[PDB]
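**Student:** Can you keep this structure in mind? I'll have questions shortly.
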Amino acid sequence: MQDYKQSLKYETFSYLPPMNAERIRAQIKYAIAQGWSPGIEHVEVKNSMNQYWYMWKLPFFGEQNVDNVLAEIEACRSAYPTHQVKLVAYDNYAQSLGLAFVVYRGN
Amino acid sequence: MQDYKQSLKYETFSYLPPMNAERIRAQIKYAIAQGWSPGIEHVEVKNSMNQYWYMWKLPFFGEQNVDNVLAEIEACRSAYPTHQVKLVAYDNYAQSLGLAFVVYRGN
Amino acid sequence: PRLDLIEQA
Amino acid sequence: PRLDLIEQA
Amino acid sequence: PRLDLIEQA
Amino acid sequence: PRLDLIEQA
Amino acid sequence: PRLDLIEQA
Amino acid sequence: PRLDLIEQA
Amino acid sequence: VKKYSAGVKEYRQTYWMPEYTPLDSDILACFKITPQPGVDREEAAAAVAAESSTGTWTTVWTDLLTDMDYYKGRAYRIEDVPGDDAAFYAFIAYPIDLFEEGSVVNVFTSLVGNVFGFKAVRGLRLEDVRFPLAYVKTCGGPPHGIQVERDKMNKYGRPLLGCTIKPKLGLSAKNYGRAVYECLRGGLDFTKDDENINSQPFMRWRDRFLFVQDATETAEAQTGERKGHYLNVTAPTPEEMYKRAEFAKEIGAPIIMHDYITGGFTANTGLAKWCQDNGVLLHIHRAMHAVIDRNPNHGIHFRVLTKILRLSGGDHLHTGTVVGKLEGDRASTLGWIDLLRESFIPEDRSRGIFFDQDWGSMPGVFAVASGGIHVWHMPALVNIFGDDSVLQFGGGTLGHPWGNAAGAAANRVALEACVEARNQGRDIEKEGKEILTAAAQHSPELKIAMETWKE
Amino acid sequence: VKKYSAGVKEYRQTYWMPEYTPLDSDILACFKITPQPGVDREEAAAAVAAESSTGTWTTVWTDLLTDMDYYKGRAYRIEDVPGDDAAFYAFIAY
Amino acid sequence: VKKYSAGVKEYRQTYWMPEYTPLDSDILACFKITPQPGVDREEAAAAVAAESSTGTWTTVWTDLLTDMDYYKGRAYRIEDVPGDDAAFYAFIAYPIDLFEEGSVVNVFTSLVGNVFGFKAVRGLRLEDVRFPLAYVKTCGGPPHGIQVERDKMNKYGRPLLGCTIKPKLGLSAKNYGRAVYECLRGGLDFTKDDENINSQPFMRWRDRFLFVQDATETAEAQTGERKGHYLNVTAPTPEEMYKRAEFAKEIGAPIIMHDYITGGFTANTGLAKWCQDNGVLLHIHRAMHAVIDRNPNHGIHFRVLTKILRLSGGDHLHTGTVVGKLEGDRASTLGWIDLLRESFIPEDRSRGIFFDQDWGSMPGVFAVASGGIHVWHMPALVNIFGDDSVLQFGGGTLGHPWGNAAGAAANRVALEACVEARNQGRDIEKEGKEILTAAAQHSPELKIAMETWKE
Amino acid sequence: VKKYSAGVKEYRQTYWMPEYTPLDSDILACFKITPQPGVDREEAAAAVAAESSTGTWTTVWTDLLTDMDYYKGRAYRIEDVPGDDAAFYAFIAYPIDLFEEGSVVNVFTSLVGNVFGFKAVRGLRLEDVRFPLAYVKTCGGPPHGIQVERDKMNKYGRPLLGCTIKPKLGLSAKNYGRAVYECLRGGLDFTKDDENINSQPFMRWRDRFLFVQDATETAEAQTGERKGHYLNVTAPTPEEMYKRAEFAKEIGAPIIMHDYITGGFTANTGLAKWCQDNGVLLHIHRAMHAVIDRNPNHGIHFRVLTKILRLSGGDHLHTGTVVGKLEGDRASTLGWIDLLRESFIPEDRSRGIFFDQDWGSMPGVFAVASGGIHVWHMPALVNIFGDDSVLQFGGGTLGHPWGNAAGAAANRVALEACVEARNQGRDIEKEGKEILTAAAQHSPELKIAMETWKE
């Protein structure tokens, strides 16, 4: 028997190994393929469980270029280097997020 | 698109650039011109949202000299150099403040 | 405001 | 989902 | 009574 | 009345 | 009825 | 306690 | 009359009292009557007086059971309409005993119930109503009023800034909160539900209130300024309306909103009393006003609707924007803003004020400006409305090229620069461009905002 | 529309759907519009449709969070008023 | 008929209308009739139509007091059953006026009340019911639905993960909470009471709710993810059921569960309305479905029971696992999952969908999979159900060799790896083993989980 | 087992206890298992025992926290099915501690929750359940029972007579009352709402209750006999159900009716407790029974549903008519009628009674016969059911050529003549025609009734 080590998690994909650039890129590409609008959110680590994180600029409505999304992620990270950063994909047909996952964990 | 930077605010005029001596003087003069009684309040920064800040002495009922008001502001600042300091103008006809604005932000 | 311009005044 | 495949569409 | 001797009258 | 002149009729 | 055919009887 | 010494046991 | 004689009689014989002096307790009404050719002025005035109060188309014996001289409404003065010979002003006095105390409903129903349907008149316009102080004291009025609201929100020295979330419909609760969060963190005092936002399949009310309150609290912590969002409690039934108001109080929402005409006076008055009992600020939207108030020949002037709102109860009232209005209607608008906020409004025909209106101690109401307004309107808005106003920039905030936070900051900087310039004694409307341009040198947000929309 | 472009836009581009067939579930309204000379019928009808339903005087980004094609009210038919050339009937589906 | 003639009459003369075109408001039912040799199809169809609606075994004069042509149910189409010559499909239209609005009870009672007892038929199977939009709008439906639930729980991008605590019976409240705590802290979104867990001597409900809520809150703090446990409020009486639901709300439990067939439709509908009024998510268990839904010749197809649940109200519905089902029944299962979640389901006989079913704005329901499923099933489960599903691993979690926390983590890793692979465009069912094996290299928990149970 | 070893294990090792002697407190269940070839009997029995109680598909460590030997359900006897070699009877004992006291819901959910879905069995039929006296005492039972009901209604010496108003749907409230009035004045003790009659647009419930109560009181005054009408309180929600029950009590209605399967056990149990607290008789309709009870290989035998109804609560239970049933099913029917009415029913396999059922003091329930029955059935009905029964003639009353009053009188005369002949010692079924013919000589109503329908 191994003892299970308790640690904080970050929802979808957080139980997998941290994502390299390729894995992150595949998820954004999938989101665009679904017709979802990528967006970026960020928040102080202690406020991670708040319903409303800070929104970085506006959702990238109609964005088709994954590189633009990745550049925005870097720009958000530079502006708020201690914050967790989350990629979201807005599904306007369901008015829900098609996917959301933390790209940077903060602090 | 520029990202909007969130910071704490201080109500009326706090979205404008910090006031020099001339701008502050104009507001006090306007308050006296209205017949309002200038007063000074101060509080610890963390208690800024309390309904009841400390009152510096008493409202300067019937004060017509803006310089006396400015001198009182300095005297309050000296006594409580870490506190935020707020100028208020009592309107006894409406039993409300005709104007209020933070002159020093604290800490 | 309020009491400044009352009917009495 | 939801509105994507409505009767109207 | 009542309305007979009002202020108006 | 009522049921005599329904949409179905 | 009722008590006539009880388990006890 | 409790279940150790039940009627069934 | 002492004896009963059946049959139809002329209204003039009883309801036209040219020599009547109104009592202080009387409710007075000014109607602009555009009568059909052939009908006599006095008879038209008397007919309006009779049908709005105690009159009947035919003589009834039951009149003799009571004292019609005491109870009846009476037309007491006829005046020409300046520049309009087809119409005349009729002044009618109503004894205070005719009305349920504390009921804007009852007074409103009596004055506008059926006189507007007369075939004798081409048009009937209720211009003004003098509510006597004795009646005013029976009404609840605004739950808080301008001064109490400023103390509760700790806001002084400037107009408040608001934003309606856009699009009016279609956003989920979480996205709605995101928009609210961004606006509030950027420097707006308030955000609001659209008038059409109640509880819809795309966004149920309870989910909206939860996310909005989370957004409001987060922005308040991050700015150090008090924030609010007018949660719309307009609902199908009073039970539903109160349920939503109670939930807003339970989660700590400082302010709620209601549509007083479409929701109705009965619901609004109850909500206003509830708001006073529970310490919740009440913002009032005036949906449907244009249906009733636009036509200058037929309907009810907004000034009357303004008086009813102040009596019924609201801490804020949407008043439109005078920037669009022409100078002829500008003075009228300034007239009802005084009615909304002042304690005593003297009679002034140039401003459409037909009667002295004494409010006594009844608190004033925040005037709210909104519409297609943006940073360029700020100087004129600050000039016209003054400090005890709420300026709401829905499109002017969510339509900023850099998003809600930048748009809010742009509006906030523009407002503060206009206020500072006004306090320094500059003529802000004349120097508006120069003031805004100077402020923009320190605010990139305001600078691009001024480029987005035209001067 | 898929991208956010700020600024004022004409109501006709979105709220005038002459080829729309109302669904059975739709609420339909008939307004008799007496427009001010100079304003186009379709634009007047679209403006009534937009303001009564989901429209705004200026473009808002929040429209993109939802599906305006589903939710929006739409003017779908314009008709003359018999014997009155100053007015027209606008038929709007909600 | 206009005159009263007593005596027994054939059902065909009145209830068989081959030329009837159903109205949009009509409720339509498809019955698979397996009749006894000697009985005519049309007469069998008419007899089902008459007895389910307004008919009687003998002529009654009271029929003449009303208009039977308007009210009567009518069989309007007969069709062969593909590959089964002993049975035929009868299509019956019921006027909407026959049913209490907003009552799945009433509609259900009318359709299944006594036709199933006919000696004329060997078997009667209700295959499908077309609920018109007009009727659908009268029903409360799911208190929240998929999108609102995801917003409330802040869960996006994947199926949710659940676990039923095992053993089904026998654990004390504190031990029950320990099991819940371990599962939740290890990465499950939800845990649930077993369907049999109500209030037993070994574990009274109030003690269970207290310890479970403590467990839920502790796990939520330690993981930074929202957690829930479906507290079973199924109770002997409605008063008891509401008492338990109120206590769950009082202690902050986000979700509760109910058995809608065994508890009953009346209780479930009331609970669903209560849940909407109080913001509590409602998970629905389908105990007894197999009694009614298994037999292909006699009973009610689960697709009908699915439609009733969506109308009655639930945020989640147990749907079984398609992995066990054969391909013939796989398409049928995919059919009712669409009925559970979609807005408009077009008619598709290959999937058992006999009528177009329009739900309009009525929210969709989470499909819930459970049974003897474990990590190896994950790829197929993610493929079949998709994101808007809850996968519940009771034995697959508490049966892990290293305990609940490791078992939860193993399931969570397996789920996330399958989702990531699906998003990358891999065929997860074809590559399931490779995906799971790759993930196991980084998760000892998943690795030994894959060794515990077979592929 | 004392140590935790993960992995799948055979159910037989734990849940098959051939040497177990059931305790008196145990709930016992008899399932008729039709297993798929290849599966072992004991394993099938053990699997049913495990899944209905405490078992899991895989070993869980949490079992070791408790004492599975005490709590587990256990299969203890296997028996052949006489004349059917494909099936066997499994006898399973459940410790009383497994169930919520006073909850037919909980016991029912546990026994029928998921065992019916096993792929191991082709069919599963729950034949009988032994409810121990200790459990029986925790249940409310019938609110009044046969003897109290006879005392309340002052009815002795004969079966009661009822009628369902026809057509089932379509009549206005006033016309409904007219039909009720005519039936009651003609000699029926009771009339009833159809099972489908709840609250419909053609007849809202409150209007129905008012007119029916007026009809009942008028008929009672005109006959000098107590009368009642079973007002259907089956409703969408418990709140609605109780509202209707309260109104029936308020207007003085002596009896109400409920659909216990479609309405649901939770609603029924609450209604039964309410009925006892308020002195209202409760008639129970068994809609949906045929869905569950018809198939001899899969489902639940009605005798089990009968026991649940008696525990849940009802003063009357619809039992169908034995006249249609064949002799093989006649003895089974007589079996559950004894279960419904008797205090102690000894085990009798010929009648389908697998266990001794002791009811103790729990009151008996009126057996209700209905269907396409008419005067000619009277002799057999009186013979089979006896005095403590309600015979309901819906079509047999409203289908009389001379209307409801004559039809009621015809049925009443036929019933009384059969009862008088039985008391005189004649074999009423053998001499039925002669008895009816003799009575008809004094009753024109009965005479033409006997001509309307065939012998």
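Here Swiss-Prot sets the residue numbers for chain L, with the shown residues being 3-457 in order.
Quick check of the header: electron microscopy, 2.0 Å.
Cβ atoms here come from the backbone N, Cα and C positions, even for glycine.
Look at Swiss-Prot and you will find L:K168, L:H287 tagged as active site, proton acceptor, backed by sequence analysis. Residues or ranges marked as substrate binding site in Swiss-Prot (evidence: sequence analysis): L:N116, L:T166, L:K170, L:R288, L:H320, L:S372. Look at Swiss-Prot and you will find L:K194, L:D196, L:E197 tagged as Mg(2+) binding site, backed by sequence analysis. Residues annotated as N6-carboxylysine in Swiss-Prot, with sequence analysis given as evidence: L:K194. According to Swiss-Prot, the site 'Transition state stabilizer' annotation covers L:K327.
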**Student:** Taking Cα atoms as reference points, which of the recorded positions L:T166, L:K168, L:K327 is nearest to L:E197 (Mg(2+) binding site)?
**Tutor:** L:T166
**Student:** Of all the recorded positions given, L:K170, L:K194, L:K327, which residue's CB has the most CB neighbours within 10 A?
**Tutor:** L:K194
**Student:** Hey, how far is L:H320 (substrate binding site) from L:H287 (active site, proton acceptor), Cα to Cα, in Å?
**Tutor:** 5
**Student:** Among the recorded positions L:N116, L:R288, L:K327, L:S372, whose Cα is within 10 A of the Cα of L:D196 (Mg(2+) binding site)?
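**Tutor:** Near L:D196 (Mg(2+) binding site) by Cα: none of them.
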**Student:** Taking only the residues the record lists as binding substrate, namely L:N116, L:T166, L:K170, L:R288, L:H320, L:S372, what is the largest Cα to Cα distance between any two of them, in Å to the nearest whole number?
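**Tutor:** The two farthest binding residues have Cα atoms 37 Å apart.
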**Student:** Give me the CA-CA distance between L:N116 (substrate binding site) and L:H287 (active site, proton acceptor), in Å, as a whole number.
**Tutor:** 26
**Student:** Short of 8 angstroms on C-beta distance to chain C, which of the listed recorded positions (L:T166, L:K168, L:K194, L:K327) are there?
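**Tutor:** Listed in sequence order, the recorded positions near chain C come to none.
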**Student:** When you tally the Cβ atoms that lie within 10 Å of each candidate's Cβ, which of the recorded positions (L:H287, L:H320) has the highest tally?
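**Tutor:** For the recorded positions L:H287, L:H320, the Cβ with the most other Cβ atoms within 10 Å is L:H287.
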**Student:** Other residues with Cβ within 8 Å of the Cβ centroid of L:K194, L:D196, L:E197 at the Mg(2+) site?
**Tutor:** L:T166, L:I167, L:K170, L:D195, L:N198, L:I199, L:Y232, L:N234, L:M259, L:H287
**Student:** Give me the CA-CA distance between L:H287 (active site, proton acceptor) and L:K194 (Mg(2+) binding site), in Å, as a whole number.
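**Tutor:** For L:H287 (active site, proton acceptor) versus L:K194 (Mg(2+) binding site), the Cα atoms are 11 Å apart.
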**Student:** Give the sequence-ordered list of residues that share a chain with L:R288 (substrate binding site), lie 6 or more positions from it, and have CB atoms under 8 Å from its CB.
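**Tutor:** Result: L:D261, L:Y262, L:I263, L:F304, L:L307, L:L311, L:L319, L:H320, L:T321.
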**Student:** With 8 Å as the upper Cβ-Cβ limit, not reached, which of the recorded positions L:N116, L:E197, L:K327 neighbour chain K?
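**Tutor:** Near chain K - Cβ to Cβ under 8 Å - we find L:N116, L:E197.
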**Student:** Among the binding-site residues L:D196, L:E197, which residue has the largest number of other Cβ atoms within 10 Å of its own Cβ?
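**Tutor:** Max Cβ neighbours within 10 Å, all protein chains included: L:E197.
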**Student:** So among L:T166, L:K168, L:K170, L:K327, all listed as recorded positions, which is physically nearest to L:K194 (Mg(2+) binding site)? Use the C-alpha atoms.
**Tutor:** L:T166
**Student:** How big is the Cα-to-Cα gap, in Å, between L:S372 (substrate binding site) and L:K168 (active site, proton acceptor)?
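**Tutor:** Checking the Cα atoms of L:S372 (substrate binding site) and L:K168 (active site, proton acceptor) gives a distance of 13 Å.
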**Student:** Just to be sure I understand the packing, how many Cβ atoms besides its own are within 10 Å of the Cβ of L:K168 (active site, proton acceptor)?
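**Tutor:** The answer is 26 other Cβ atoms.
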**Student:** Whole-number Å only: compute the distance from the Cα of L:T166 (substrate binding site) to the Cα of L:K327 (site 'Transition state stabilizer').
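**Tutor:** L:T166 (substrate binding site) and L:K327 (site 'Transition state stabilizer') have their Cα atoms 22 Å apart.
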**Student:** Count the Cβ atoms, other than its own, that fall within 10 Å of the Cβ of L:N116 (substrate binding site), considering every protein chain shown.
**Tutor:** 23
**Student:** Have a look around L:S372 (substrate binding site) and count the other CB atoms within 10 A of its CB, chains all included.
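**Tutor:** There are 22 such Cβ atoms around L:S372 (substrate binding site).
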**Student:** At the level of the C-alpha atoms, what whole-angstrom distance separates L:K327 (site 'Transition state stabilizer') and L:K168 (active site, proton acceptor)?
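**Tutor:** Taking the Cα atoms only, L:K327 (site 'Transition state stabilizer') lies 24 Å from L:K168 (active site, proton acceptor).
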